[PDB]
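Chemist:
The following block contains the structure:
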């Protein structure tokens, strides 16, 4: 999933081609501070999508809630479609 | 955010296009001196009923009004420039190069031969788009001229005979734009331009020294009212001028006896 | 001070370079008088870089930074800007010279 987000930071326009002083001084002083904030934002997004040593601890936030649903008192592989299909056998037979 | 950055990059292209169609200077519209009105009717302090200490506070609010009205006239320029470029930002090209990131496929790995050609794209934008071809003397030619001086026997001064060959190319170093030499490009450096400023400061400071030389040869008692405490004395009428220095100036003017 | 601390030491004497800045030839000869300790610092850092990505990155950056032709000269890059940054101080002086011609 991090690869699908890294692929859209791959398609980010090269803002460093507009760092020259012929773009600094032709531009509105507030549209240049927005441009320098949008360049500081890409480095925030890119330095956290390449923090791949953080994915191994995000996987441990998914494991314990999944593993408790598998500790079912009925069966590990039980679900609603089977347990509804086995209520049809239980209800539509005699008592 | 990618669309906001493409909108900002298209806006800063629209600012650069309609400021290079109008051929305007770069620092002109960011300088709020250029939006200042020098032909303003300049209010006279002798018609405003000021008391003794009131004249410098009158001068400050005539200045800071006229400075605020030049800043607020610069803001009205840029707010009208913004809507001119935002109109052309809506009709723009949007063909920008992308940020060089290393290519990473879905389940694959990243080769170091692609991490390195990405790093080559970062260090190929560290070179300037137009640069001085400042020549280093290689050791292949700095020894072929050092020992040629050492075969004649100038091996003791063999250090200085190389440096003049280095500096003679360094001084007439030409600029190159894209590897090719743009020819007929004269630049004024930052050590030349700071020598134009330092001589122009010295030829206006000697007019200030010559101004006060005449005023203190004729009227040497003027050196007892300090320059910062001078317009703290004024008023609108001459009889309202603060008498802190009036009776002292009249007696220093009468001479040393 | 910080720009010239890497060359002239810590007692840089920033008054001399504020008044008279160094010419493009003296920026060159201050590049070349530290380049042997710059190419050897990069080789000692690329040897002890954490990975062969970073080892190439500290030599490719130094291969660009040690070349004196890559020093960005604002007067060479933007010629109309450095003339207009000159006429900010030449116009500040000219306003002091009109005040003395009126006096």
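Protein chains in written order, with the UniProt record's numbering: chain A, 96 to 190; chain B, 53 to 309; chain C, 413 to 515.
From the three backbone atoms N, C-alpha and C, an ideal C-beta is built for every residue, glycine too.
Span of the alpha helix (DSSP H) holding residue 165/B?
Modeler: As a position in the second chain, residue 165/B is number 113, starting the count at 1. Per DSSP, residue 165/B belongs to the alpha helix (DSSP H) from 164 to 175.
Chemist: Kindly say whether residue 58/B, judged by its beta-carbon, lies nearer than 8 Å to any beta-carbon of chain A.
Modeler: Within the second chain, residue 58/B is the residue found at index 6, counting from 1. Yes, because at least one Cβ of chain A sits closer than 8 Å to the Cβ of residue 58/B.
Chemist: Listing by chain order, which chain C residues have their CB less than 7 Å from the CB of residue 168/B?
Modeler: The sequence position of residue 168/B within the second chain is 116, counting from 1. Going along chain C in sequence order, the residues near residue 168/B (Cβ under 7 Å) are 468.
Chemist: Kindly say whether residue 156/B, judged by its beta-carbon, lies nearer than 8 Å to any beta-carbon of chain A.
Modeler: Residue numbering aside, residue 156/B sits at position 104 when the second chain is read from its first letter. Residue 156/B counts as touching chain A.
Chemist: In terms of residues, what are the limits of the alpha helix (DSSP H) holding residue 251/B?
Modeler: Taking the first residue of the second chain as 1, we reach residue 251/B at position 199. Run containing residue 251/B: 245 to 270, per the alpha helix (DSSP H) assignment.
Chemist: For residue 131/A, does the count of other Cβ atoms within 10 angstroms reach 16, so buried, or fall short, so exposed?
Modeler: Here residue 131/A corresponds to residue number 36 of the first chain, with the count starting at 1. Burial call: exposed.
Chemist: Reducing DSSP to helix, strand and coil, say where residue 79/B ends up.
Modeler: Within the second chain, numbered from 1, the residue matching residue 79/B stands at position 27. The answer is coil: DSSP assigns residue 79/B none of H, G, I, E or B.
Chemist: Please classify residue 184/B: does DSSP put it in a helix, a strand, or coil?
Modeler: Mapped onto the second chain, residue 184/B falls at position 132. Residue state, collapsed to three classes: strand.
Chemist: Between the alpha carbons of residue 132/B and residue 125/B, how many angstroms are there, rounded?
Modeler: On the second chain, position 80 is the one that residue 132/B refers to. On the second chain, position 73 is the one that residue 125/B refers to. Each residue's alpha carbon lies about 11 Å from the other.
Chemist: Report yes if the C-beta distance between residue 269/B and residue 275/B is below 8 Å; otherwise report no.
Modeler: Residue 269/B sits at position 217 when you count from the first residue of the second chain. Residue 275/B sits at position 223 when you count from the first residue of the second chain. Going by C-beta atoms, residue 269/B is not nearer than 8 Å to residue 275/B.
Chemist: Checking contacts by CB at 8 Å: is residue 117/A closer than that to chain C?
Modeler: By one-based count along the first chain, residue 117/A stands at place 22. Yes - at least one Cβ of chain C is within 8 Å of the one on residue 117/A.
Chemist: Indicate whether residue 500/C and residue 120/A have their beta-carbon atoms separated by less than 8 Å.
Modeler: Counting from one through the third chain, the residue named residue 500/C turns up at place 88. Counting from one through the first chain, the residue named residue 120/A turns up at place 25. No; because the gap between Cβ atoms is not below 8 Å, this pair is not in contact.
Chemist: Between which two residues does the alpha helix (DSSP H) holding residue 132/B run?
Modeler: Taking the second chain and counting its residues from 1, one reaches residue 132/B at position 80. From DSSP, the alpha helix (DSSP H) with residue 132/B extends over 107 to 141.
Chemist: Which of the three DSSP states, helix, strand or coil, is assigned to residue 94/B?
Modeler: As a working mapping, residue 94/B is identified with position 42 in the second chain. Residue 94/B falls in the coil class under three-state DSSP.
Chemist: With a CB to CB cut of under 7 Å and the five nearest residues on each side skipped, what residues in its chain are close to residue 140/A?
Modeler: To locate residue 140/A, count along the first chain from 1; it is residue 45. Taken in chain order, the residues that qualify are 104.
Chemist: Secondary structure at residue 453/C, three-state DSSP: helix, strand or coil?
Modeler: Taking the first residue of the third chain as position 1, residue 453/C is located at position 41. The answer is helix: DSSP assigns residue 453/C an H, G or I state.
Chemist: At a CB distance below 7 Å, what residues from the region 290 to 302 of chain B approach chain A? Give them in sequence order.
Modeler: Correct list: empty, as no residue qualifies.
Chemist: In terms of alpha-carbon separation, which member of 144/A, 170/A, 158/A lies closest to residue 96/A?
Modeler: Residue mapping note: residue 96/A aligns to position 1 of the first chain, counting from 1. Comparing Cα-Cα distances from residue 96/A to each of 144/A, 170/A, 158/A, the minimum goes to 144/A.
Chemist: Express the C-alpha separation of residue 413/C and residue 426/C in angstroms, rounding to a whole number.
Modeler: Here residue 426/C refers to the residue found at position 14 when the third chain is read from its first residue. Here residue 413/C refers to the residue found at position 1 when the third chain is read from its first residue. One C-alpha to the other measures close to 6 Å.
Chemist: Tell me which same chain residues have a C-beta within less than 6 Å of the C-beta of residue 86/B, skipping the five on either side of it?
Modeler: By one-based count along the second chain, residue 86/B stands at place 34. Result list for residue 86/B: 80, in chain order.
Chemist: Return no unless some Cβ of chain A is closer than 8 Å to the Cβ of residue 128/B.
Modeler: Residue numbering aside, residue 128/B sits at position 76 when the second chain is read from its first letter. It does not; no Cβ of chain A falls within 8 Å.
Chemist: Who pairs with residue 204/B in a beta bridge, going by DSSP?
Modeler: Taking the second chain and counting its residues from 1, the one referred to as residue 204/B is at position 152. Its beta-bridge partners do not exist; DSSP assigns none.
Chemist: Report the rounded CA-to-CA distance for residue 210/B versus residue 162/B, giving the unit in angstroms.
Modeler: Translated into the one-based positions of the second chain, residue 210/B becomes position 158. Translated into the one-based positions of the second chain, residue 162/B becomes position 110. Approximately 52 Å between the Cα atoms of the pair.
Chemist: From what residue to what residue does the alpha helix (DSSP H) around residue 167/A run?
Modeler: By one-based count along the first chain, residue 167/A stands at place 72. Run containing residue 167/A: none; DSSP gives neither H nor E here.
Chemist: Indicate whether residue 243/B and residue 481/C have their beta-carbon atoms separated by less than 8 Å.
Modeler: Taking the second chain and counting its residues from 1, the one referred to as residue 243/B is at position 191. Taking the third chain and counting its residues from 1, the one referred to as residue 481/C is at position 69. Not closer than 8 Å, so no.
Chemist: Return the residue from the list 90/B, 248/B, 96/B, 301/B that minimises the CA-CA distance to residue 497/C.
Modeler: On the third chain, residue 497/C is found 85 positions in, with the first residue counted as 1. Ranking 90/B, 248/B, 96/B, 301/B by Cα distance to residue 497/C puts 248/B first.
Chemist: Looking only at its own chain, which residues have a Cβ that is under 6 Å from the Cβ of residue 122/B, when we skip the five neighbours before and after it?
Modeler: Here residue 122/B refers to the residue found at position 70 of the second chain. Once the five neighbours on either side are set aside, the close Cβ partners of residue 122/B are 84, 87, 88.
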